[PDB]
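> The following file, input.txt, comprises compact mmCIF, C-alpha atoms and all ligand atoms:
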```txt
# COMPACT_ATOMS: atom_id res chain seq x y z
CA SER A 78 3.52 5.30 -29.06
CA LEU A 79 4.50 4.65 -25.43
CA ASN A 80 5.51 1.16 -24.31
CA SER A 81 4.12 0.78 -20.80
CA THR A 82 5.64 -2.70 -20.46
CA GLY A 83 9.16 -1.48 -21.20
CA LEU A 84 8.69 1.58 -19.00
CA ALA A 85 7.41 -0.52 -16.09
CA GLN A 86 10.46 -2.76 -16.48
CA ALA A 87 12.80 0.25 -16.52
CA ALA A 88 10.97 1.59 -13.45
CA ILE A 89 11.34 -1.74 -11.64
CA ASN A 90 15.00 -1.85 -12.66
CA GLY A 91 15.43 1.63 -11.22
CA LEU A 92 13.60 0.54 -8.07
CA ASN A 93 15.96 -2.42 -7.64
CA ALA A 94 19.15 -0.57 -8.59
CA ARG A 95 18.67 2.17 -6.00
CA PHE A 96 16.50 0.63 -3.26
CA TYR A 97 16.67 -3.19 -3.27
CA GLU A 98 18.71 -4.70 -0.42
CA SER A 99 19.90 -8.17 -1.45
CA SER A 100 21.18 -9.07 2.03
CA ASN A 101 17.76 -8.21 3.52
CA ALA A 102 15.39 -9.39 0.73
CA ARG A 103 13.62 -6.05 1.01
CA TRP A 104 13.47 -2.59 -0.53
CA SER A 105 14.69 0.29 1.65
CA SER A 106 14.76 -0.79 5.29
CA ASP A 107 14.75 2.93 6.19
CA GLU A 108 11.20 3.12 4.77
CA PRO A 109 7.94 1.58 6.05
CA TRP A 110 7.82 -2.20 5.70
CA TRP A 111 4.28 -2.14 4.32
CA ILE A 112 5.54 -0.19 1.31
CA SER A 113 7.87 -3.09 0.50
CA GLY A 114 4.62 -5.05 0.36
CA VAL A 115 3.15 -2.53 -2.09
CA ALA A 116 6.33 -2.70 -4.19
CA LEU A 117 5.99 -6.50 -4.21
CA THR A 118 2.44 -6.10 -5.52
CA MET A 119 3.60 -3.81 -8.34
CA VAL A 120 6.32 -6.26 -9.39
CA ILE A 121 3.95 -9.23 -9.21
CA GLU A 122 1.35 -7.27 -11.18
CA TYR A 123 3.90 -6.33 -13.83
CA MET A 124 4.68 -10.01 -14.37
CA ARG A 125 1.01 -10.97 -14.27
CA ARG A 126 -0.04 -8.38 -16.88
CA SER A 127 3.03 -8.53 -19.12
CA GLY A 128 3.38 -12.32 -19.05
CA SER A 129 7.03 -12.00 -18.00
CA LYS A 130 8.79 -13.84 -15.17
CA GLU A 131 12.12 -11.96 -14.89
CA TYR A 132 11.61 -10.93 -11.24
CA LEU A 133 10.01 -14.17 -10.05
CA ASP A 134 13.18 -15.36 -8.31
CA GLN A 135 13.55 -12.01 -6.55
CA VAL A 136 9.89 -11.97 -5.47
CA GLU A 137 10.20 -15.46 -3.99
CA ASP A 138 13.28 -14.39 -2.02
CA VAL A 139 11.42 -11.35 -0.61
CA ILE A 140 8.42 -13.48 0.36
CA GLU A 141 10.53 -16.17 2.06
CA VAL A 142 12.36 -13.64 4.25
CA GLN A 143 9.46 -11.27 4.95
CA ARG A 144 7.33 -14.33 5.92
CA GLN A 145 9.39 -14.76 9.06
CA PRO A 146 8.17 -13.49 12.45
CA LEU A 147 8.69 -9.73 12.42
CA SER A 148 11.27 -8.57 14.94
CA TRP A 149 8.92 -5.74 15.97
CA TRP A 150 5.84 -8.02 16.29
CA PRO A 151 6.91 -11.58 17.17
CA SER A 152 3.44 -12.40 18.56
CA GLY A 153 2.11 -12.24 15.00
CA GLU A 154 4.06 -15.47 14.37
CA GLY A 155 5.08 -14.35 10.88
CA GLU A 156 3.15 -14.92 7.65
CA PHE A 157 2.95 -11.10 7.46
CA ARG A 158 0.81 -10.84 10.60
CA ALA A 159 2.02 -7.49 11.91
CA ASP A 160 1.29 -4.92 14.63
CA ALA A 161 -1.23 -3.05 12.45
CA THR A 162 -4.01 -4.59 10.42
CA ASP A 163 -3.33 -2.51 7.31
CA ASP A 164 0.35 -3.56 7.21
CA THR A 165 -0.84 -7.17 7.21
CA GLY A 166 -3.47 -6.34 4.61
CA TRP A 167 -0.97 -5.02 2.07
CA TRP A 168 1.09 -8.20 2.11
CA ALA A 169 -2.07 -10.35 2.24
CA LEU A 170 -3.26 -8.77 -1.00
CA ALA A 171 0.18 -9.21 -2.55
CA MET A 172 -0.14 -12.91 -1.75
CA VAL A 173 -3.52 -13.01 -3.51
CA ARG A 174 -1.76 -11.62 -6.58
CA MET A 175 1.15 -14.05 -6.16
CA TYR A 176 -1.42 -16.85 -6.12
CA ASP A 177 -3.01 -15.40 -9.27
CA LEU A 178 0.39 -15.29 -10.98
CA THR A 179 1.68 -18.71 -9.88
CA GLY A 180 -1.27 -20.87 -8.87
CA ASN A 181 0.79 -21.95 -5.86
CA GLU A 182 -1.64 -22.77 -3.05
CA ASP A 183 1.05 -21.75 -0.53
CA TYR A 184 0.42 -18.06 -1.23
CA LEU A 185 -3.36 -18.45 -1.05
CA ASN A 186 -2.83 -20.06 2.37
CA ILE A 187 -0.96 -16.98 3.61
CA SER A 188 -3.84 -14.69 2.62
CA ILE A 189 -6.22 -17.03 4.44
CA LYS A 190 -4.15 -16.86 7.64
CA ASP A 191 -4.00 -13.08 7.20
CA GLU A 192 -7.79 -12.73 6.86
CA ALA A 193 -8.27 -14.70 10.08
CA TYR A 194 -5.64 -12.64 11.89
CA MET A 195 -7.08 -9.29 10.75
CA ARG A 196 -10.62 -10.34 11.69
CA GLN A 197 -9.53 -10.65 15.32
CA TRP A 198 -9.81 -6.85 15.54
CA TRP A 199 -13.18 -6.52 13.84
CA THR A 200 -15.64 -5.38 16.52
CA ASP A 201 -19.38 -4.83 16.33
CA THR A 202 -19.51 -3.09 19.71
CA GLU A 203 -17.98 0.14 18.36
CA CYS A 204 -19.24 1.74 15.13
CA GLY A 205 -21.49 -1.30 14.61
CA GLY A 206 -18.64 -2.99 12.74
CA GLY A 207 -15.29 -2.46 11.08
CA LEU A 208 -11.83 -3.30 12.33
CA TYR A 209 -9.15 -1.27 14.07
CA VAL A 210 -5.87 -0.41 12.40
CA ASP A 211 -3.73 0.02 15.57
CA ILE A 212 -3.74 -3.47 17.07
CA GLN A 213 -1.90 -2.44 20.22
CA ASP A 214 -4.13 0.58 20.95
CA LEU A 215 -7.56 0.01 19.32
CA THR A 216 -8.34 3.72 18.99
CA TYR A 217 -8.86 4.12 15.22
CA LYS A 218 -11.10 2.45 12.66
CA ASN A 219 -9.85 4.03 9.42
CA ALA A 220 -10.66 3.68 5.74
CA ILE A 221 -7.58 1.89 4.44
CA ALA A 222 -7.49 -1.01 6.91
CA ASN A 223 -11.16 -1.71 6.23
CA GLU A 224 -10.74 -1.34 2.46
CA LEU A 225 -7.83 -3.78 2.56
CA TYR A 226 -9.79 -6.27 4.65
CA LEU A 227 -12.81 -5.92 2.35
CA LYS A 228 -10.73 -6.54 -0.77
CA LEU A 229 -9.11 -9.48 1.01
CA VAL A 230 -12.37 -11.25 1.90
CA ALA A 231 -13.81 -10.39 -1.52
CA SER A 232 -10.72 -11.89 -3.17
CA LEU A 233 -10.89 -15.04 -1.01
CA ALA A 234 -14.58 -15.31 -1.96
CA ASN A 235 -13.38 -15.95 -5.53
CA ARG A 236 -10.43 -18.21 -4.68
CA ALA A 237 -10.66 -19.94 -1.28
CA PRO A 238 -12.35 -23.34 -0.76
CA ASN A 239 -14.81 -22.11 1.89
CA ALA A 240 -15.72 -19.26 -0.43
CA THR A 241 -19.19 -18.89 1.13
CA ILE A 242 -18.07 -17.58 4.52
CA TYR A 243 -15.72 -15.18 2.72
CA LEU A 244 -18.47 -13.88 0.45
CA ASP A 245 -20.75 -13.34 3.44
CA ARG A 246 -17.93 -11.52 5.24
CA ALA A 247 -17.34 -9.33 2.18
CA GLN A 248 -21.03 -8.50 1.75
CA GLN A 249 -21.25 -7.71 5.47
CA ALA A 250 -18.07 -5.61 5.39
CA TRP A 251 -19.23 -3.60 2.37
CA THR A 252 -22.61 -3.02 4.02
CA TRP A 253 -20.82 -1.69 7.10
CA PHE A 254 -18.46 0.50 5.04
CA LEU A 255 -21.31 1.91 2.94
CA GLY A 256 -23.21 2.68 6.12
CA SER A 257 -20.17 4.02 7.99
CA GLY A 258 -20.44 7.52 6.53
CA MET A 259 -16.81 7.44 5.39
CA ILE A 260 -18.07 7.82 1.81
CA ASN A 261 -18.96 11.51 1.78
CA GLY A 262 -21.37 13.62 -0.29
CA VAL A 263 -19.23 13.69 -3.44
CA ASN A 264 -18.62 9.89 -3.32
CA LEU A 265 -15.08 10.24 -2.01
CA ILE A 266 -13.76 8.48 1.08
CA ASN A 267 -12.35 10.43 4.03
CA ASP A 268 -9.61 8.97 6.17
CA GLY A 269 -11.58 7.30 8.94
CA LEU A 270 -14.09 7.43 11.74
CA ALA A 271 -14.28 9.51 14.89
CA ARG A 272 -16.28 8.46 17.95
CA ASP A 273 -18.77 10.60 19.85
CA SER A 274 -17.49 11.36 23.35
CA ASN A 275 -20.93 10.93 24.93
CA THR A 276 -23.03 8.71 22.66
CA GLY A 277 -20.31 6.37 21.39
CA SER A 278 -21.68 6.63 17.85
CA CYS A 279 -19.14 7.05 15.04
CA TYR A 280 -18.96 9.56 12.18
CA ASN A 281 -16.75 10.58 9.23
CA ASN A 282 -13.75 12.28 10.78
CA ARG A 283 -13.39 14.67 7.76
CA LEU A 284 -9.65 13.94 7.64
CA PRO A 285 -8.07 14.22 4.17
CA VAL A 286 -9.23 12.41 1.05
CA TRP A 287 -6.22 10.27 0.08
CA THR A 288 -5.96 8.70 -3.36
CA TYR A 289 -5.25 5.20 -2.13
CA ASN A 290 -8.53 5.26 -0.17
CA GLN A 291 -10.36 5.81 -3.44
CA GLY A 292 -8.44 2.89 -4.95
CA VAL A 293 -8.38 -0.23 -2.78
CA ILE A 294 -12.18 0.04 -2.50
CA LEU A 295 -12.44 -0.21 -6.30
CA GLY A 296 -10.55 -3.51 -6.38
CA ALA A 297 -12.74 -4.72 -3.52
CA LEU A 298 -15.96 -3.92 -5.39
CA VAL A 299 -14.55 -5.50 -8.56
CA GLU A 300 -13.92 -8.75 -6.67
CA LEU A 301 -17.40 -8.52 -5.14
CA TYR A 302 -18.78 -8.20 -8.67
CA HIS A 303 -16.84 -11.26 -9.82
CA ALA A 304 -18.20 -13.15 -6.80
CA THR A 305 -21.85 -12.20 -7.40
CA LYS A 306 -22.11 -11.06 -11.06
CA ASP A 307 -24.10 -8.11 -9.66
CA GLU A 308 -23.22 -5.03 -11.71
CA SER A 309 -24.37 -2.86 -8.77
CA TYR A 310 -20.88 -3.30 -7.32
CA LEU A 311 -19.35 -2.01 -10.55
CA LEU A 312 -21.70 0.97 -10.62
CA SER A 313 -20.73 1.81 -7.03
CA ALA A 314 -17.04 1.58 -7.89
CA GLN A 315 -17.62 3.75 -10.96
CA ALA A 316 -19.24 6.48 -8.86
CA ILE A 317 -16.12 6.63 -6.68
CA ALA A 318 -13.68 6.58 -9.59
CA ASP A 319 -15.72 9.20 -11.48
CA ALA A 320 -15.46 11.50 -8.47
CA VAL A 321 -11.65 11.14 -8.52
CA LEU A 322 -11.50 11.89 -12.24
CA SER A 323 -13.69 14.99 -11.95
CA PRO A 324 -11.39 18.03 -11.57
CA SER A 325 -14.06 19.72 -9.42
CA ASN A 326 -13.04 17.46 -6.51
CA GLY A 327 -9.39 18.51 -6.36
CA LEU A 328 -7.84 15.08 -6.93
CA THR A 329 -7.45 15.59 -10.71
CA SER A 330 -5.64 18.69 -11.94
CA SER A 331 -6.79 20.93 -14.78
CA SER A 332 -4.23 19.04 -16.89
CA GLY A 333 -6.06 15.82 -16.01
CA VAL A 334 -3.27 14.53 -13.75
CA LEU A 335 -3.81 12.68 -10.48
CA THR A 336 -2.54 14.88 -7.64
CA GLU A 337 -2.19 14.05 -3.95
CA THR A 338 -3.58 16.69 -1.60
CA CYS A 339 -0.11 17.10 -0.04
CA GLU A 340 1.69 17.81 -3.34
CA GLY A 341 0.64 21.46 -3.32
CA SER A 342 2.46 22.17 -0.05
CA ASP A 343 5.30 19.71 -0.79
CA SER A 344 4.54 17.87 2.46
CA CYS A 345 3.93 14.31 1.23
CA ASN A 346 5.52 11.99 3.78
CA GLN A 347 6.93 8.50 3.21
CA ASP A 348 3.44 6.97 3.30
CA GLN A 349 1.67 9.50 1.06
CA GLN A 350 4.38 9.22 -1.63
CA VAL A 351 3.06 5.75 -2.58
CA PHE A 352 -0.68 6.51 -2.60
CA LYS A 353 -1.24 7.47 -6.25
CA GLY A 354 0.10 4.25 -7.78
CA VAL A 355 -2.18 2.12 -5.61
CA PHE A 356 -5.17 4.04 -6.95
CA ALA A 357 -3.93 3.73 -10.53
CA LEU A 358 -3.55 -0.05 -10.31
CA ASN A 359 -7.01 -0.49 -8.81
CA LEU A 360 -8.52 1.86 -11.39
CA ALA A 361 -7.09 -0.36 -14.14
CA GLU A 362 -8.76 -3.31 -12.39
CA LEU A 363 -12.07 -1.42 -12.49
CA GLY A 364 -11.58 -0.55 -16.15
CA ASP A 365 -11.00 -4.21 -17.03
CA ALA A 366 -14.07 -5.28 -15.05
CA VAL A 367 -16.26 -2.61 -16.67
CA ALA A 368 -15.11 -3.39 -20.23
CA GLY A 369 -15.79 -7.10 -19.66
CA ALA A 370 -19.25 -6.59 -18.19
CA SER A 371 -20.73 -4.91 -21.28
CA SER A 372 -20.47 -5.37 -25.04
CA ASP A 373 -19.89 -1.64 -25.60
CA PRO A 374 -16.42 -1.25 -27.20
CA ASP A 375 -16.08 2.07 -25.35
CA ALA A 376 -16.86 0.51 -21.95
CA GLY A 377 -14.39 1.77 -19.36
CA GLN A 378 -12.65 3.90 -21.99
CA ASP A 379 -12.57 6.94 -19.68
CA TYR A 380 -10.49 5.09 -17.10
CA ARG A 381 -7.98 3.89 -19.70
CA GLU A 382 -7.68 7.37 -21.18
CA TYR A 383 -7.18 8.77 -17.68
CA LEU A 384 -4.40 6.25 -16.97
CA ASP A 385 -2.89 6.90 -20.40
CA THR A 386 -3.03 10.68 -19.88
CA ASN A 387 -1.44 10.33 -16.45
CA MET A 388 1.30 8.08 -17.84
CA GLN A 389 2.48 10.55 -20.50
CA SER A 390 2.66 13.43 -18.02
CA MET A 391 4.67 11.27 -15.64
CA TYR A 392 6.77 9.97 -18.55
CA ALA A 393 7.69 13.51 -19.62
CA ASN A 394 7.88 15.67 -16.47
CA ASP A 395 8.65 13.27 -13.61
CA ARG A 396 11.37 11.01 -15.04
CA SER A 397 15.12 10.83 -14.46
CA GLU A 398 17.26 8.02 -15.87
CA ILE A 399 20.04 6.48 -13.80
CA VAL A 400 23.47 7.21 -15.26
CA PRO A 401 25.63 4.06 -15.22
CA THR A 402 29.13 3.92 -13.78
CA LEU A 403 32.25 1.89 -14.46
CA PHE A 404 31.33 -0.34 -11.48
CA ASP A 405 27.51 -0.27 -11.66
CA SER A 406 26.09 -0.66 -15.17
CA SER A 407 22.46 -0.66 -13.98
CA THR A 408 19.94 0.95 -16.34
CA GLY A 409 16.43 2.11 -15.49
CA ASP A 410 14.19 5.04 -14.59
CA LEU A 411 13.62 7.03 -11.39
CA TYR A 412 10.55 9.05 -10.42
CA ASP A 413 9.52 11.79 -7.96
CA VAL A 414 6.19 12.21 -6.15
CA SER A 415 4.36 14.60 -8.50
CA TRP A 416 3.22 13.07 -11.77
CA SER A 417 3.29 16.53 -13.35
CA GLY A 418 5.70 18.42 -11.12
CA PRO A 419 9.44 18.34 -11.62
CA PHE A 420 11.87 15.58 -10.73
CA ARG A 421 13.88 16.57 -7.66
CA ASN A 422 14.67 13.26 -5.94
CA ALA A 423 13.54 9.63 -5.96
CA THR A 424 12.48 7.55 -2.97
CA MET A 425 11.29 3.95 -2.85
CA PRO A 426 7.64 4.91 -2.10
CA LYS A 427 7.75 7.40 -5.00
CA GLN A 428 9.22 4.70 -7.25
CA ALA A 429 6.69 2.05 -6.17
CA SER A 430 3.89 4.49 -7.01
CA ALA A 431 5.58 5.11 -10.37
CA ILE A 432 5.63 1.40 -11.28
CA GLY A 433 1.94 1.09 -10.39
CA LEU A 434 0.95 3.66 -13.02
CA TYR A 435 2.94 1.97 -15.80
CA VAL A 436 1.60 -1.46 -14.78
CA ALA A 437 -1.90 0.11 -14.76
CA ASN A 438 -1.52 0.72 -18.52
CA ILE A 439 -0.22 -2.75 -19.47
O1 LIG B 501 6.43 -0.54 10.06
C1 LIG B 501 7.49 -0.18 9.21
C2 LIG B 501 8.74 -0.14 10.02
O2 LIG B 501 8.37 -0.62 11.35
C3 LIG B 501 9.56 -0.77 12.24
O3 LIG B 501 9.11 -1.33 13.41
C4 LIG B 501 8.43 -0.28 14.24
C5 LIG B 501 8.88 -0.49 15.60
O4 LIG B 501 10.35 -0.29 15.63
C6 LIG B 501 8.21 0.44 16.58
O5 LIG B 501 8.56 0.06 17.88
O6 LIG B 501 6.74 0.42 16.46
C7 LIG B 501 6.26 0.69 15.03
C8 LIG B 501 4.85 0.62 14.94
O7 LIG B 501 4.45 0.50 13.59
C9 LIG B 501 6.95 -0.39 14.13
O8 LIG B 501 6.53 -0.23 12.77
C10 LIG B 501 10.62 -1.66 11.61
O9 LIG B 501 11.80 -1.68 12.45
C11 LIG B 501 10.99 -1.19 10.25
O10 LIG B 501 11.92 -2.13 9.62
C12 LIG B 501 9.80 -1.02 9.36
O11 LIG B 501 10.22 -0.40 8.14
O1 LIG B 502 -0.69 9.29 5.64
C1 LIG B 502 -2.05 9.18 6.01
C2 LIG B 502 -2.27 7.91 6.77
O2 LIG B 502 -1.67 8.05 8.10
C3 LIG B 502 -1.96 6.88 8.97
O3 LIG B 502 -1.43 7.10 10.22
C4 LIG B 502 0.01 6.70 10.24
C5 LIG B 502 0.21 5.37 10.81
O4 LIG B 502 -0.31 4.28 9.94
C6 LIG B 502 1.68 5.15 11.00
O5 LIG B 502 1.97 3.82 11.28
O6 LIG B 502 2.15 6.04 12.06
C7 LIG B 502 2.13 7.48 11.56
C8 LIG B 502 2.43 8.37 12.63
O7 LIG B 502 2.71 9.65 12.11
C9 LIG B 502 0.70 7.79 10.99
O8 LIG B 502 0.81 8.90 10.11
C10 LIG B 502 -3.46 6.64 9.10
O9 LIG B 502 -3.65 5.44 9.89
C11 LIG B 502 -4.08 6.47 7.75
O10 LIG B 502 -5.53 6.33 7.88
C12 LIG B 502 -3.78 7.65 6.88
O11 LIG B 502 -4.32 7.46 5.55
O1 LIG B 503 -10.70 9.79 14.10
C1 LIG B 503 -9.54 10.46 14.56
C2 LIG B 503 -8.39 9.50 14.74
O2 LIG B 503 -7.23 10.10 14.15
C3 LIG B 503 -6.09 9.24 14.11
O3 LIG B 503 -5.03 9.87 13.47
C4 LIG B 503 -5.69 8.85 15.53
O4 LIG B 503 -4.63 7.90 15.48
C5 LIG B 503 -6.88 8.26 16.30
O5 LIG B 503 -6.53 8.03 17.66
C6 LIG B 503 -8.10 9.16 16.20
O6 LIG B 503 -9.24 8.52 16.77
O1 LIG B 504 -6.04 -2.81 -18.05
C1 LIG B 504 -5.93 -1.59 -18.77
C2 LIG B 504 -5.07 -1.76 -20.00
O2 LIG B 504 -5.67 -2.79 -20.80
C3 LIG B 504 -4.91 -3.14 -21.98
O3 LIG B 504 -5.57 -4.13 -22.70
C4 LIG B 504 -4.71 -1.91 -22.86
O4 LIG B 504 -3.88 -2.23 -23.97
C5 LIG B 504 -4.10 -0.76 -22.06
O5 LIG B 504 -4.00 0.41 -22.87
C6 LIG B 504 -4.94 -0.48 -20.82
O6 LIG B 504 -4.33 0.53 -20.02
```
Could I get this structure in the form of structure tokens?
Ligand SMILES: OC[C@H]1O[C@@H](O[C@@H]2[C@@H](O)[C@H](O)O[C@H](CO)[C@H]2O)[C@H](O)[C@@H](O)[C@@H]1O
Ligand SMILES: OC[C@H]1O[C@@H](O[C@@H]2[C@@H](O)[C@H](O)O[C@H](CO)[C@H]2O)[C@H](O)[C@@H](O)[C@@H]1O
Ligand SMILES: OC[C@H]1O[C@@H](O)[C@H](O)[C@@H](O)[C@@H]1O
Ligand SMILES: OC[C@H]1O[C@@H](O)[C@H](O)[C@@H](O)[C@@H]1O

Amino acid sequence: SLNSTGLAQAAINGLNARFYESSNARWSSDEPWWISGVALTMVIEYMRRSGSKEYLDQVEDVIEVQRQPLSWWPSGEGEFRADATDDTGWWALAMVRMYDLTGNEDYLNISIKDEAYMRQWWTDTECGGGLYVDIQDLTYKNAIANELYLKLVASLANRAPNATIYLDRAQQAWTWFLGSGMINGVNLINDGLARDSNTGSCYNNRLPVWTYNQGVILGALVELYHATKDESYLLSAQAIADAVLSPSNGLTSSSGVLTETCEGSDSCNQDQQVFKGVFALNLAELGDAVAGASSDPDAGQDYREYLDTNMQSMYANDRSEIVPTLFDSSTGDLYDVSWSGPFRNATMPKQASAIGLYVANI
């Protein structure tokens, strides 16, 4: 009885009414730039899944301005090539989705330039593989930058003309990730890798399990399945998603609600506020891939029910409607960080995460 399409549109309208900067073609310049990339993904994915085009003009504006050489990383020469590889990876994946929505080769070309830029910081000398996140420093190979890269090459393996070298890169990247140790004993992914002071060998740094690091990897494996038709990639994704859904692992509350590890102590920073929606969108991708790979009508039904359950809780306990004024008649919905906890304030990363959950149920 809940209309996820209308709620996503209200959530996007709330996102624009409070956080979109027309003069900058960006959401919230006081927030991390990469989260504007995530927001762009959610808006593109809303249009892709709902069949609507109401934000297409706005998305094109954002792309055209955020394409330009970044003032804080001119040496990237624009096209979203930034001072960290994960920043680049978020926009690169948004361009994959833009290409999926529009069929405009221009966006596919951006993702291709991004893949080649990110790969510059893949090294086999440390950790036997993987890329660094901090381009200027080269001190950290983490989960998210390698999950983004892996989903990027796996996506390009299904879309780019030289799809073979991208499929080989994806298969090689997944083999490295699987062997990295970052996937722990309960099939959840810790934050990144530490390096042995004496031996130089790398190991799971046991930093927190963040929801978005259980998400991007699902989309990556889904694209690897589409590229190979090997259901082993789906089964591996399902083991990771199942671990998230199991309340015994602390990511899913006793009410069945996705919960970031920082929500308990009310310490979720500007980055962590956006994590849950990224997982939700990728989980919906996994659900679609699972239901299409088997003739069982109940295939992937647990993931849909999970997303549905999480939507209603967010719908009921985390929502606050904007009240219009005599000057601003904007209507929409605002959302806080906890999908079960109360609504206290809204921020752009919280709102972006909100849209992702609604879009995940379209
Ligand atoms: O990355 C998001 C934000 O980055 C800001 O640039 C930062 C530089 O000012 C600083 O010198 O180094 C960090 C390293 O990441 C840069 O991110 C932008 O000014 C912001 O607009 C952006 O939201
Ligand atoms: O929130 C967890 C994530 O934190 C990331 O480190 C941040 C950098 O990306 C950012 O640019 O600078 C701040 C400095 O406080 C860092 O918190 C990790 O790179 C991620 O792996 C981690 O999930
Ligand atoms: O694996 C631990 C890593 O933690 C990160 O937060 C730091 O930025 C890296 O320098 C460090 O190597
Ligand atoms: O992709 C997942 C979505 O697929 C749609 O076909 C269903 O109607 C939604 O309920 C579900 O959340």
> Which residues are near ligand LIG 503 (chain B) in this structure, taking near to mean any atom at most 10 Å from a ligand atom and counting all atoms listed in the file? Format them as a compact mmCIF listing (two decimals) with C-alpha atoms, in the frame of the given file.

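Produced file result_3.txt, reproduced below:
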```txt
# COMPACT_ATOMS: atom_id res chain seq x y z
CA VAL A 210 -5.87 -0.41 12.40
CA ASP A 211 -3.73 0.02 15.57
CA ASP A 214 -4.13 0.58 20.95
CA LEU A 215 -7.56 0.01 19.32
CA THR A 216 -8.34 3.72 18.99
CA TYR A 217 -8.86 4.12 15.22
CA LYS A 218 -11.10 2.45 12.66
CA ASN A 219 -9.85 4.03 9.42
CA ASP A 268 -9.61 8.97 6.17
CA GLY A 269 -11.58 7.30 8.94
CA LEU A 270 -14.09 7.43 11.74
CA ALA A 271 -14.28 9.51 14.89
CA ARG A 272 -16.28 8.46 17.95
CA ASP A 273 -18.77 10.60 19.85
CA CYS A 279 -19.14 7.05 15.04
CA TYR A 280 -18.96 9.56 12.18
CA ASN A 281 -16.75 10.58 9.23
CA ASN A 282 -13.75 12.28 10.78
CA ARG A 283 -13.39 14.67 7.76
CA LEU A 284 -9.65 13.94 7.64
```
> Residues within 9 Å of ligand LIG 504 (chain B) should be enumerated using all atoms listed in the file and returned as a short mmCIF file (atom, residue, chain, number, x, y, z; two decimals) with C-alpha atoms, keeping the file's coordinate frame.

```cif
data_model
loop_
_atom_site.label_atom_id
_atom_site.label_comp_id
_atom_site.auth_asym_id
_atom_site.auth_seq_id
_atom_site.Cartn_x
_atom_site.Cartn_y
_atom_site.Cartn_z
CA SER A 81 4.12 0.78 -20.80
CA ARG A 126 -0.04 -8.38 -16.88
CA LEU A 358 -3.55 -0.05 -10.31
CA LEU A 360 -8.52 1.86 -11.39
CA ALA A 361 -7.09 -0.36 -14.14
CA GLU A 362 -8.76 -3.31 -12.39
CA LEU A 363 -12.07 -1.42 -12.49
CA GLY A 364 -11.58 -0.55 -16.15
CA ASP A 365 -11.00 -4.21 -17.03
CA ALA A 366 -14.07 -5.28 -15.05
CA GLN A 378 -12.65 3.90 -21.99
CA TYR A 380 -10.49 5.09 -17.10
CA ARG A 381 -7.98 3.89 -19.70
CA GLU A 382 -7.68 7.37 -21.18
CA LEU A 384 -4.40 6.25 -16.97
CA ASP A 385 -2.89 6.90 -20.40
CA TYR A 435 2.94 1.97 -15.80
CA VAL A 436 1.60 -1.46 -14.78
CA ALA A 437 -1.90 0.11 -14.76
CA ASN A 438 -1.52 0.72 -18.52
CA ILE A 439 -0.22 -2.75 -19.47
#
```
> Which is closest to residue 139 (chain A) among A:248, A:127, A:152, A:113, if we use only C-alpha atoms?
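For residue 139 (chain A), the nearest of the candidates is A:113.
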> All residues within 9 Å of ligand LIG 502 (chain B) are required, counting all atoms listed in the file; please report them as a VMD selection string.
chain A and resid 109 161 163 to 164 210 to 211 217 to 222 267 to 269 284 to 287 289 to 290 345 to 350 352
> Around the point (6.5, 3.5, -8.1) (coordinates from the file), which residues reach within 12 Å if we count all atoms listed in the file? Answer as JSON, numbers by chain.
{"A": [84, 85, 86, 87, 88, 89, 90, 91, 92, 93, 96, 104, 112, 113, 115, 116, 117, 118, 119, 120, 123, 349, 350, 351, 352, 353, 354, 355, 356, 357, 358, 388, 391, 395, 396, 410, 411, 412, 413, 414, 415, 416, 423, 424, 425, 426, 427, 428, 429, 430, 431, 432, 433, 434, 435, 436, 437]}
> Taking the point (-9.2, -9.2, -0.6) as given in the file, collect each protein or nucleic acid residue that comes within 9 Å of it, counting only C-alpha atoms, and present the set as a list in words.
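In the file's frame, the residues around the point are residues 166, 169, 170, 173, 188, 192, 224, 225, 226, 227, 228, 229, 230, 231, 232, 233, 234, 247, 296, 297 and 300 of chain A.
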> Please identify all protein, DNA and RNA residues within 6 Å of ligand LIG 501 (chain B), counting all atoms listed in the file, and report them as a list in words.
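Final answer, ordered by chain and number: residues 106, 107, 108, 109, 110 and 149 of chain A.
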> Just write the chosen residues, C-alpha atoms, as a short mmCIF file (atom, residue, chain, number, x, y, z; two decimals), in the frame of the given file.

```cif
data_model
loop_
_atom_site.label_atom_id
_atom_site.label_comp_id
_atom_site.auth_asym_id
_atom_site.auth_seq_id
_atom_site.Cartn_x
_atom_site.Cartn_y
_atom_site.Cartn_z
CA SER A 106 14.76 -0.79 5.29
CA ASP A 107 14.75 2.93 6.19
CA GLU A 108 11.20 3.12 4.77
CA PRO A 109 7.94 1.58 6.05
CA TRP A 110 7.82 -2.20 5.70
CA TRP A 149 8.92 -5.74 15.97
#
```
> Please provide as a JSON list (two decimals) with C-alpha atoms, in the frame of the given file all residues within 10 Å of residue 302 (chain A), with the sequence filter that same-chain residues fewer than 3 positions apart are discarded (counting all atoms listed in the file).

```
[["chain", "number", "residue", "atom", "x", "y", "z"],
["A", 231, "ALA", "CA", -13.81, -10.39, -1.52],
["A", 235, "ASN", "CA", -13.38, -15.95, -5.53],
["A", 296, "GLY", "CA", -10.55, -3.51, -6.38],
["A", 297, "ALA", "CA", -12.74, -4.72, -3.52],
["A", 298, "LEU", "CA", -15.96, -3.92, -5.39],
["A", 299, "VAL", "CA", -14.55, -5.50, -8.56],
["A", 305, "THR", "CA", -21.85, -12.20, -7.40],
["A", 306, "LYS", "CA", -22.11, -11.06, -11.06],
["A", 307, "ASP", "CA", -24.10, -8.11, -9.66],
["A", 308, "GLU", "CA", -23.22, -5.03, -11.71],
["A", 309, "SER", "CA", -24.37, -2.86, -8.77],
["A", 310, "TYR", "CA", -20.88, -3.30, -7.32],
["A", 311, "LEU", "CA", -19.35, -2.01, -10.55],
["A", 312, "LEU", "CA", -21.70, 0.97, -10.62],
["A", 314, "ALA", "CA", -17.04, 1.58, -7.89],
["A", 366, "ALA", "CA", -14.07, -5.28, -15.05],
["A", 370, "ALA", "CA", -19.25, -6.59, -18.19]]
```
